[PDB]
Every structure is written in structure tokens, then in C-alpha cells.
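One structure below.
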Amino acid sequence: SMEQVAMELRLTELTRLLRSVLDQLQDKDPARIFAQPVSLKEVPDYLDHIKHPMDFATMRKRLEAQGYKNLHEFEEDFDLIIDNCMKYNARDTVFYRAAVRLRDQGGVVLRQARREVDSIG
């Protein structure tokens, strides 16, 4: 149908906007602490601690399969990155601190993205 196509154009445009959002969030992690999945070879107990692992490469795979229906789903995955790290790692670690800084800096990007998504529909 013509509608399914119009719908698909919106999803594609959402994907376009979320790709830019993702790039902006990932720039706030210059150390690349959140770039890839926590290695189960190097942290073999990780899944005993963290039930839903997340990282920027995993989010990008979903993004490029147009797997995010709305900004809320995307934010859920970003929040998992931060929250998993803040649980697994202690307060006095470079990892915990990196998560706090990502959360704080990402807030600004996500604030405007929500306005853009509502605004452009």
C-alpha cells in the first residue's frame, strides 16, 4: 500500500535522526569504554551480574536493521549501557566515572532529540 510506504519513509527518517543521535552520544565516550560488548572471555561471570548487556556496536546493529520504532526504545538501550556499568563497576573506577560523564553529556543531546522527534512527527 501507499500507507505502508509512507510509514516506511517515517521509520527511515527516524533511523536517519537516531543515527545522528547515536554518533553524538558515542562522541561523548572518547575512551571507547562503551564501544563494544563486555567480553565474556575476559569477564566470564558478567551475565551472573548483568542480565541485559548493551553497548554502542549492538545499538548500531539494531539501528541499521531499523529495529528502533520510536526514541523511547533507543533511550532504553542507551540507559542500559550506563546503568549496567554503574552496577558492575564500583564508584571509584574509571568505568563508573565514564558512565556518569556519558549520562550527563548525553542528556543534552537526548533533550533536543525528543523535541525534534515530536516536532517533525
Side-chain angles (χ1 to χ4, degrees), residues 1-2 4-6 8 11-15 17-40 42-60 62-68 70-110 112-119 121:
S1 72
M2 208 26 256
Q4 288 307 315
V5 167
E8 289 157 4
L11 184 58
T12 292
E13 283 309 306
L14 174 67
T15 304
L17 186 155
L18 298 182
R19 189 179 305 109
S20 168
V21 178
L22 185 66
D23 296 336
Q24 283 176 76
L25 295 176
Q26 192 154 28
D27 289 336
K28 307 315 179 148
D29 172 30
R32 299 192 70 86
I33 289 164
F34 306 104
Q36 291 293 332
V38 169
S39 172
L40 303 178
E42 304 175 357
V43 189
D45 75 353
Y46 189 65
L47 303 182
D48 294 348
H49 294 271
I50 297 299
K51 299 298 173 183
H52 298 97
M54 193 42 58
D55 68 272
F56 287 131
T58 302
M59 292 187 62
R60 202 173 287 284
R62 189 166 158 188
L63 179 67
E64 291 306 339
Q66 303 188 342
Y68 294 115
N70 54 53
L71 185 55
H72 180 79
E73 293 189 341
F74 179 95
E75 290 170 305
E76 286 199 335
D77 272 355
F78 180 64
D79 284 339
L80 273 180
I81 292 177
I82 297 309
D83 292 336
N84 287 347
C85 185
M86 291 175 76
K87 293 167 190 63
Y88 190 82
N89 302 106
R91 207 157 39 251
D92 73 336
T93 63
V94 63
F95 306 107
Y96 183 113
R97 288 163 175 285
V100 165
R101 292 164 61 80
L102 183 58
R103 191 195 58 188
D104 286 353
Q105 298 196 284
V108 183
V109 174
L110 289 171
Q112 204 55 37
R114 160 57 63 210
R115 296 195 62 85
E116 283 175 308
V117 163
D118 291 7
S119 185

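All residue numbers in this chain count up from 1 along the given sequence. Hydrogens, waters and symmetry mates play no part in the numbers below; they use all other heavy atoms, side chains included.
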If we check side chain to side chain contact (heavy atoms under 4.5 Å, CB included) with [X], which of these qualifies: [options]?
| X | options | answer |
| --- | --- | --- |
| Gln24 | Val108, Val109, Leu110 | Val109 |
| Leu71 | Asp118, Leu18, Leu17 | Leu18 |
| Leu80 | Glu75, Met59, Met54 | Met54 |

Minimum heavy-atom distance [X]-[Y], with the two atoms named:
| X | Y | result |
| --- | --- | --- |
| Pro53 | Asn84 | CA-ND2, 3.6 Å |
| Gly106 | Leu25 | CA-CD2, 3.6 Å |
| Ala99 | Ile82 | O-CD1, 3.5 Å |
| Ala35 | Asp29 | N-OD2, 3.8 Å |
| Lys28 | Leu102 | CB-CD1, 3.8 Å |
| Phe95 | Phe34 | O-CZ, 4.0 Å |

Between [Y] and [X], is there a side-chain heavy-atom distance shorter than 4.5 Å?
| X | Y | answer |
| --- | --- | --- |
| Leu11 | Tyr68 | no |
| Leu63 | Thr15 | yes |
| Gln26 | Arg60 | yes |

Under 30°, 30 to 60°, or over 60°: which ring-plane class applies to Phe78 and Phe56, parallel, tilted or perpendicular?
parallel
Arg19/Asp23 ion pair, N-O < 4.0 Å:
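No, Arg19 and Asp23 are not salt-bridged.
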What's the separation between atom [atom1] in [X] and atom [atom2] in [Y], rounded to the nearest 0.5 Å?
| X | Y | atom1 | atom2 | value |
| --- | --- | --- | --- | --- |
| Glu64 | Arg62 | CD | CZ | 13.0 Å |
| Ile33 | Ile81 | CD1 | CD1 | 12.5 Å |
| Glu73 | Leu14 | CD | CG | 9.5 Å |
| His49 | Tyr88 | NE2 | OH | 5.5 Å |

Between the side chains of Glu8 and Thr12, does any donor sit under 3.5 Å from an acceptor?
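No, no side-chain donor-acceptor pair sits under 3.5 Å.
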Using a 6.0 Å cut-off, check whether atom CZ of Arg103 has over 12 heavy atoms from anything other than its own residue.
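Buried by this count: over 12 neighbours within 6.0 Å.
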